[PDB]
Amino acid sequence: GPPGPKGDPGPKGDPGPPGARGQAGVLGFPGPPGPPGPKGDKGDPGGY
Amino acid sequence: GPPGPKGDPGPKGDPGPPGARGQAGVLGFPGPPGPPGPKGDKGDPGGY
Amino acid sequence: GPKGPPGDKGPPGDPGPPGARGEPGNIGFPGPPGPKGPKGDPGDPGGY
């Protein structure tokens, strides 16, 4: 008998794999300066 | 005789490509404050 | 009659899902030392 017709196109492929993780973020800014030190000791008493 | 059956569906397509890279990470938090400065200089001496 | 020939290969899949966001950047360095404390007061003059 006559051959049957050609089949239909194959199915669409599966989705691709998940993407790679993003790069790590940029390093934070340095902290602020510390406080001033304490005030120095009073100078020597004057002589009499 | 009668016709043959329609052919089978074609082979499945290729998988897609990998997804896009994820977003870059958030910036680090700032560092902590620095230490205190040293204690100040002793004062100048008193006079007589 | 004989079964027909198969269909052609299907079309390709979609790109995959996006990657995860990157990790945060490192915490920044500790801040610089604060300034030296104020100099001490001068000594007072001696008594009589």
Side-chain angles (χ1 to χ4, degrees), chain B residues 1-26 28-48, chain C residues 1-47:
Chain B
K6 180 165 179 83
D8 293 331
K12 184 161 166 171
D14 292 341
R21 189 175 196 183
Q23 185 172 6
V26 176
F29 289 2
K39 179 166 171 173
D41 292 358
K42 179 186 171 197
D44 295 332
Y48 281 98
Chain C
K3 177 159 79 171
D8 300 301
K9 185 177 163 177
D14 294 328
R21 187 165 192 172
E23 65 184 303
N26 276 313
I27 296 168
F29 284 167
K36 179 160 68 173
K39 178 164 174 174
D41 291 336
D44 293 329

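Sequence lines set the chain letters: A, B, ... in the order given, protein chains first and strands last, and positions in each chain run from 1. The figures here come from the full heavy-atom set of this structure, side chains too, leaving out hydrogens, waters and symmetry mates.
The shortest heavy-atom contact between C/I27 and B/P30 is CG2-O, 3.5 Å. Of all heavy-atom pairs between B/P17 and C/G13, the closest is CD-O, 4.2 Å. Nearest heavy atom pair, residue B/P35 against residue C/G31, reads CD-O, 4.0 Å. The two residues B/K42 and C/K39 have their closest heavy-atom pair at O-CE, 3.6 Å.
Contact count versus chain C (heavy atoms, under 4.5 Å) is highest, among B/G40, B/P33, B/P15, for B/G40. Chosen from B/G46, B/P36, B/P18, B/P3, the residue pairing most often with chain C at heavy-atom distances under 4.5 Å is B/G46. Each of C/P15, C/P6, C/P42 has some count of heavy-atom pairs under 4.5 Å with chain B, and the biggest count is that of C/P15.
Contacts of C/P30 with chain B are made by both backbone and side-chain atoms, with heavy-atom separations under 4.5 Å. Proximity to chain B is limited to the backbone of C/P32, based on heavy atoms less than 4.5 angstrom apart.
Listed for the C/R21 side chain is a donor-acceptor partner under 3.5 Å among the backbone atoms of B/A24.
In this structure, NZ in C/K3 is found 12.5 Å from NZ in B/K6, a value given to the nearest 0.5 Å.
The shortest distance between side-chain heavy atoms of B/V26 and C/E23 does not fall below 4.5 Å.
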